[PDB]
file my_file-v4.txt (compact mmCIF, C-alpha atoms (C1' of nucleotides))
# COMPACT_ATOMS: atom_id res chain seq x y z
CA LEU A 536 -9.07 52.90 -12.50
CA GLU A 537 -9.28 53.60 -16.16
CA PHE A 538 -13.03 53.12 -16.17
CA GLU A 539 -13.36 55.80 -13.56
CA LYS A 540 -10.69 58.03 -15.02
CA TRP A 541 -11.99 57.97 -18.52
CA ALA A 542 -15.66 57.72 -17.95
CA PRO A 543 -18.41 58.67 -15.53
CA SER A 544 -22.05 57.65 -15.61
CA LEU A 545 -21.10 54.03 -16.10
CA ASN A 546 -22.49 51.60 -13.60
CA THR A 547 -19.33 49.52 -13.49
CA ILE A 548 -19.70 46.23 -11.76
CA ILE A 549 -16.80 44.21 -10.49
CA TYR A 550 -16.26 40.80 -8.92
CA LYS A 551 -13.62 40.05 -6.31
CA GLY A 552 -12.84 38.88 -2.78
CA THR A 553 -15.32 36.79 -0.83
CA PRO A 554 -18.51 35.04 -1.94
CA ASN A 555 -20.29 37.29 0.49
CA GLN A 556 -19.29 40.29 -1.53
CA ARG A 557 -20.10 38.46 -4.72
CA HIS A 558 -23.48 37.49 -3.30
CA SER A 559 -24.50 41.00 -2.36
CA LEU A 560 -23.32 42.04 -5.76
CA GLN A 561 -25.37 39.49 -7.63
CA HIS A 562 -28.37 40.82 -5.81
CA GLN A 563 -27.55 44.27 -7.18
CA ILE A 564 -27.30 42.95 -10.72
CA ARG A 565 -29.85 40.15 -10.48
CA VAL A 566 -32.02 42.26 -12.79
CA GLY A 567 -29.20 43.39 -15.07
CA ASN A 568 -28.88 46.78 -13.35
CA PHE A 569 -25.53 47.83 -14.74
CA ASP A 570 -23.88 49.49 -17.69
CA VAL A 571 -20.76 47.39 -17.79
CA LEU A 572 -19.60 44.29 -16.01
CA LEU A 573 -15.92 43.87 -15.39
CA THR A 574 -14.79 40.49 -14.17
CA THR A 575 -12.24 37.74 -14.51
CA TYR A 576 -11.72 34.24 -15.76
CA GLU A 577 -12.32 32.49 -12.50
CA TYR A 578 -15.54 34.28 -11.86
CA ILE A 579 -16.97 33.78 -15.30
CA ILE A 580 -16.29 30.11 -14.74
CA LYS A 581 -17.34 29.81 -11.12
CA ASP A 582 -20.34 32.08 -11.46
CA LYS A 583 -21.27 30.91 -14.96
CA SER A 584 -24.72 29.89 -13.73
CA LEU A 585 -25.40 33.58 -13.26
CA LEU A 586 -23.26 35.10 -15.93
CA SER A 587 -24.23 32.72 -18.71
CA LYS A 588 -27.83 33.18 -17.65
CA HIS A 589 -27.68 36.89 -18.19
CA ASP A 590 -27.72 37.75 -21.89
CA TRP A 591 -24.91 39.83 -23.39
CA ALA A 592 -24.87 42.58 -26.01
CA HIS A 593 -21.12 42.79 -26.22
CA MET A 594 -18.14 41.00 -24.71
CA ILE A 595 -14.50 42.01 -24.55
CA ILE A 596 -11.81 39.66 -23.37
CA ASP A 597 -8.53 41.26 -22.44
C1' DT B 1 13.37 -14.45 53.98
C1' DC B 2 15.54 -20.27 55.05
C1' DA B 3 15.74 -25.80 55.78
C1' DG B 4 13.11 -30.45 55.08
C1' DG B 5 10.77 -33.26 52.48
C1' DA B 6 7.87 -35.11 48.75
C1' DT B 7 7.60 -35.14 44.15
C1' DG B 8 9.41 -34.82 39.89
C1' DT B 9 13.05 -34.48 36.63
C1' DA B 10 17.16 -35.85 34.86
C1' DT B 11 20.98 -39.01 33.97
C1' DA B 12 24.09 -43.22 33.32
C1' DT B 13 23.54 -48.38 31.75
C1' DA B 14 21.79 -52.29 29.31
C1' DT B 15 19.43 -54.21 25.50
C1' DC B 16 16.74 -54.70 21.72
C1' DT B 17 14.61 -53.99 17.77
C1' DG B 18 12.85 -52.34 13.38
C1' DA B 19 13.63 -48.64 10.59
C1' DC B 20 17.10 -46.59 7.94
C1' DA B 21 21.41 -47.11 5.07
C1' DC B 22 23.20 -49.74 1.50
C1' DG B 23 23.97 -53.42 -2.37
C1' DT B 24 21.88 -55.35 -6.70
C1' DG B 25 19.22 -56.06 -11.18
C1' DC B 26 16.04 -54.08 -14.49
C1' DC B 27 13.73 -50.60 -17.77
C1' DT B 28 11.76 -46.87 -19.00
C1' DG B 29 12.39 -42.21 -18.96
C1' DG B 30 16.02 -38.94 -19.94
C1' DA B 31 19.82 -37.48 -23.23
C1' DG B 32 21.52 -36.89 -28.24
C1' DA B 33 20.97 -35.67 -33.06
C1' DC B 34 18.16 -33.59 -36.32
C1' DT B 35 14.48 -30.77 -38.53
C1' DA B 36 10.80 -27.13 -39.09
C1' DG B 37 8.23 -22.97 -38.12
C1' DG B 38 6.32 -19.67 -35.52
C1' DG B 39 6.90 -17.00 -31.36
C1' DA B 40 9.72 -13.55 -29.62
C1' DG B 41 13.23 -10.04 -30.25
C1' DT B 42 14.25 -5.88 -32.33
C1' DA B 43 13.96 -1.61 -34.95
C1' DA B 44 11.15 2.48 -36.37
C1' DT B 45 6.86 5.80 -35.62
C1' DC B 46 3.66 8.26 -33.33
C1' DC B 47 0.95 10.33 -30.15
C1' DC B 48 -1.48 10.02 -26.15
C1' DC B 49 -0.87 10.35 -21.39
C1' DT B 50 2.22 11.59 -17.53
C1' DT B 51 4.65 14.95 -14.96
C1' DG B 52 6.30 19.36 -13.01
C1' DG B 53 4.97 23.81 -11.84
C1' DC B 54 1.79 27.86 -11.18
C1' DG B 55 -2.88 30.72 -10.26
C1' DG B 56 -6.71 31.17 -7.58
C1' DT B 57 -10.29 29.93 -4.48
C1' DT B 58 -12.30 27.66 -0.23
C1' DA B 59 -13.48 23.77 2.28
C1' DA B 60 -10.95 21.63 5.50
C1' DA B 61 -7.04 20.95 8.65
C1' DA B 62 -4.80 22.78 12.59
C1' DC B 63 -4.97 24.79 17.19
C1' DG B 64 -6.42 26.20 21.62
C1' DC B 65 -9.46 25.26 25.27
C1' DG B 66 -12.91 24.03 28.63
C1' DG B 67 -15.15 20.07 30.72
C1' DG B 68 -17.51 16.14 31.28
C1' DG B 69 -17.29 10.96 30.57
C1' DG B 70 -14.69 6.95 30.34
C1' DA B 71 -10.28 4.19 31.88
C1' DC B 72 -8.58 2.46 35.30
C1' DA B 73 -6.92 1.21 40.12
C1' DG B 74 -8.67 -0.63 44.26
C1' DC B 75 -11.49 -3.62 46.93
call {"tool": "encode", "arguments": {"input": "my_file-v4.txt", "output": "structure tokens"}}
result
Amino acid sequence: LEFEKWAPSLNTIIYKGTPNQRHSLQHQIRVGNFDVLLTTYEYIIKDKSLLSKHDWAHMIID
DNA sequence: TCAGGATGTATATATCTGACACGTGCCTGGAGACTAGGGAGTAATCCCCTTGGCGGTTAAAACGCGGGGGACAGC
């Protein structure tokens, strides 16, 4: 909500729900096509083979 | 389903023995007294592992449901 509210032009990526949704998503960002990735603890663990693979410029943990 | 009969089983009576109960003498194995020392009890610490619950996902359990193959009764 706050990402949208406070900023436009940010390709905000989120993880949630089913693996089907997460799969179609990973396709979208399989090349790093995003400005910011928002996710959670369970997905950075469960999808670490994808998320640790992708390099990071900056990480914020709330 | 019922009475007769043949067989078999059971039951009282001797009777007979050899296997069990009992007496006796011996002797060694168990009890008593005593000593040492080390194993076990007991206290104090500590810290690792167990337990109780929750969060979150997802494979698996549950459930219905049709239908064909085996269980089973008969002969």
call {"tool": "residues_around", "arguments": {"input": "my_file-v4.txt", "residues": "residue 562 in chain A", "least_positions_apart": "6", "cutoff": "12 Å", "atoms": "all atoms listed in the file", "output": "NGL selection string"}}
result
:A and (548 or 555-556 or 568-569 or 585)
call {"tool": "closest_atom_pairs", "arguments": {"input": "my_file-v4.txt", "of": "chain B", "to": "chain A", "cutoff": "10 Å", "atoms": "all atoms listed in the file", "output": "Markdown table"}}
result
| residue | atom | partner | partner_atom | distance |
| --- | --- | --- | --- | --- |
| B:55 | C1' | A:577 | CA | 9.9 |
| B:56 | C1' | A:577 | CA | 7.6 |
| B:57 | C1' | A:577 | CA | 8.7 |
| B:58 | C1' | A:553 | CA | 9.6 |
call {"tool": "atom_distance", "arguments": {"input": "my_file-v4.txt", "atom1": "CA of residue 589 in chain A", "atom2": "CA of residue 540 in chain A"}}
result
27.3 Å
call {"tool": "atom_distance", "arguments": {"input": "my_file-v4.txt", "atom1": "CA of residue 549 in chain A", "atom2": "CA of residue 572 in chain A"}}
result
6.2 Å
call {"tool": "atom_distance", "arguments": {"input": "my_file-v4.txt", "atom1": "CA of residue 536 in chain A", "atom2": "CA of residue 564 in chain A"}}
result
20.8 Å
call {"tool": "decode", "arguments": {"input": "my_file-v4.txt", "residues": "chain A", "atoms": "C-alpha atoms", "output": "PDB file, in the first residue's frame"}}
result
ATOM      1  CA  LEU A 536       0.000   0.000   0.000  1.00  0.00           C
ATOM      2  CA  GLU A 537       2.677   2.393   1.014  1.00  0.00           C
ATOM      3  CA  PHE A 538       4.775   1.521  -1.997  1.00  0.00           C
ATOM      4  CA  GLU A 539       1.926   2.491  -4.245  1.00  0.00           C
ATOM      5  CA  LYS A 540       0.858   5.457  -2.179  1.00  0.00           C
ATOM      6  CA  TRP A 541       4.250   6.982  -1.889  1.00  0.00           C
ATOM      7  CA  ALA A 542       5.779   6.035  -5.149  1.00  0.00           C
ATOM      8  CA  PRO A 543       4.966   5.309  -8.764  1.00  0.00           C
ATOM      9  CA  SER A 544       7.276   4.020 -11.475  1.00  0.00           C
ATOM     10  CA  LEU A 545       8.521   1.272  -9.205  1.00  0.00           C
ATOM     11  CA  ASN A 546       8.209  -2.228 -10.512  1.00  0.00           C
ATOM     12  CA  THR A 547       7.279  -3.680  -7.155  1.00  0.00           C
ATOM     13  CA  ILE A 548       7.360  -7.411  -6.997  1.00  0.00           C
ATOM     14  CA  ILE A 549       5.656  -9.418  -4.320  1.00  0.00           C
ATOM     15  CA  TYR A 550       5.439 -13.061  -3.281  1.00  0.00           C
ATOM     16  CA  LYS A 551       2.345 -14.676  -1.807  1.00  0.00           C
ATOM     17  CA  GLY A 552      -0.345 -17.344  -2.121  1.00  0.00           C
ATOM     18  CA  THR A 553       0.198 -20.410  -4.266  1.00  0.00           C
ATOM     19  CA  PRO A 554       3.351 -21.752  -5.928  1.00  0.00           C
ATOM     20  CA  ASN A 555       1.533 -21.250  -9.187  1.00  0.00           C
ATOM     21  CA  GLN A 556       1.462 -17.544  -8.586  1.00  0.00           C
ATOM     22  CA  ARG A 557       5.035 -17.627  -7.384  1.00  0.00           C
ATOM     23  CA  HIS A 558       6.031 -19.588 -10.474  1.00  0.00           C
ATOM     24  CA  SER A 559       4.504 -17.164 -12.939  1.00  0.00           C
ATOM     25  CA  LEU A 560       6.148 -14.440 -10.964  1.00  0.00           C
ATOM     26  CA  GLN A 561       9.590 -15.948 -11.075  1.00  0.00           C
ATOM     27  CA  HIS A 562       9.227 -16.082 -14.807  1.00  0.00           C
ATOM     28  CA  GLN A 563       8.578 -12.336 -14.784  1.00  0.00           C
ATOM     29  CA  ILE A 564      11.678 -11.683 -12.711  1.00  0.00           C
ATOM     30  CA  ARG A 565      13.845 -14.521 -13.991  1.00  0.00           C
ATOM     31  CA  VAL A 566      15.960 -11.830 -15.668  1.00  0.00           C
ATOM     32  CA  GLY A 567      15.850  -9.377 -12.773  1.00  0.00           C
ATOM     33  CA  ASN A 568      13.086  -7.282 -14.365  1.00  0.00           C
ATOM     34  CA  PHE A 569      12.055  -5.271 -11.337  1.00  0.00           C
ATOM     35  CA  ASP A 570      12.875  -2.181  -9.354  1.00  0.00           C
ATOM     36  CA  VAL A 571      12.141  -3.546  -5.927  1.00  0.00           C
ATOM     37  CA  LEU A 572      11.319  -6.951  -4.554  1.00  0.00           C
ATOM     38  CA  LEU A 573       9.116  -7.162  -1.519  1.00  0.00           C
ATOM     39  CA  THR A 574       8.859 -10.534   0.136  1.00  0.00           C
ATOM     40  CA  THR A 575       8.842 -12.411   3.402  1.00  0.00           C
ATOM     41  CA  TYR A 576      10.856 -14.736   5.561  1.00  0.00           C
ATOM     42  CA  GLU A 577       9.294 -17.931   4.380  1.00  0.00           C
ATOM     43  CA  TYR A 578       9.784 -17.105   0.768  1.00  0.00           C
ATOM     44  CA  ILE A 579      13.354 -16.002   1.081  1.00  0.00           C
ATOM     45  CA  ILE A 580      13.947 -19.354   2.724  1.00  0.00           C
ATOM     46  CA  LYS A 581      11.800 -21.532   0.514  1.00  0.00           C
ATOM     47  CA  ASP A 582      12.752 -19.786  -2.703  1.00  0.00           C
ATOM     48  CA  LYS A 583      16.375 -19.169  -1.700  1.00  0.00           C
ATOM     49  CA  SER A 584      17.565 -21.087  -4.759  1.00  0.00           C
ATOM     50  CA  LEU A 585      16.174 -18.230  -6.822  1.00  0.00           C
ATOM     51  CA  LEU A 586      16.571 -15.329  -4.477  1.00  0.00           C
ATOM     52  CA  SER A 587      20.112 -16.113  -3.375  1.00  0.00           C
ATOM     53  CA  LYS A 588      20.963 -16.691  -7.011  1.00  0.00           C
ATOM     54  CA  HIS A 589      19.913 -13.216  -7.975  1.00  0.00           C
ATOM     55  CA  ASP A 590      22.478 -10.644  -6.855  1.00  0.00           C
ATOM     56  CA  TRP A 591      21.419  -7.762  -4.607  1.00  0.00           C
ATOM     57  CA  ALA A 592      22.394  -4.099  -4.498  1.00  0.00           C
ATOM     58  CA  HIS A 593      20.558  -3.349  -1.304  1.00  0.00           C
ATOM     59  CA  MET A 594      18.529  -5.268   1.259  1.00  0.00           C
ATOM     60  CA  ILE A 595      16.170  -4.034   3.938  1.00  0.00           C
ATOM     61  CA  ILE A 596      14.757  -6.302   6.582  1.00  0.00           C
ATOM     62  CA  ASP A 597      11.758  -4.991   8.442  1.00  0.00           C
TER      63      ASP A 597
END
